[PDB]
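So this first bit is one chain, no partners, the form deposited in one PDB entry, shown in structure tokens.
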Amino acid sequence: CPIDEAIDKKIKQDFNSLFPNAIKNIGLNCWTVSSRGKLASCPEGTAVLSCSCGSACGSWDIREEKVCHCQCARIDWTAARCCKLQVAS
């Protein structure tokens, strides 16, 4: 496939320059979602990196990389730290 082969070669040549430059421009975008009560959910497109709880509650867990659950009986607020990759910054 001499034409396919020549085009394939060109694509690969172009990609060898395009990939590194694009990849180095990816950034990390993190925010906190806090909510009253015992749960705080990260938006679709992000994962939970860490949680914080009101009332100095130090007992929490993460449900399926999406929801922070503060486990103490009396809990006023729950916060999830949510992160995603960000193209071109």
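Residues that one form lacks are left out of the comparison. Quick note: we count residues from 1 along the sequence shown, nothing fancier. Whichever C-alpha set is largest while still superposing within 1.5 Å between the two forms counts as the rigid core.
- The mean C-alpha temperature factor is higher for 2-10 when 2-10 and 79-87 are set side by side.
- Higher mean CA B-factor, judged across 63-71 and 16-24 from the recorded values: 16-24.
- Comparing the listed residues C51, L39, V33, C57, the entry records the largest Cα B-factor for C57.
Beyond the structure shown, there is the form deposited in another entry, which is absent from this document and is the topic of what follows.
- A displacement of less than 2 angstroms separates the C-alpha positions of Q71 between this form and the one not shown, with the rigid core held in common.
- After superposition on the rigid core, stretches of three or more consecutive residues whose Cα atoms move by at least 2 Å between this form and the one not shown are found at 1-26, 87-89.
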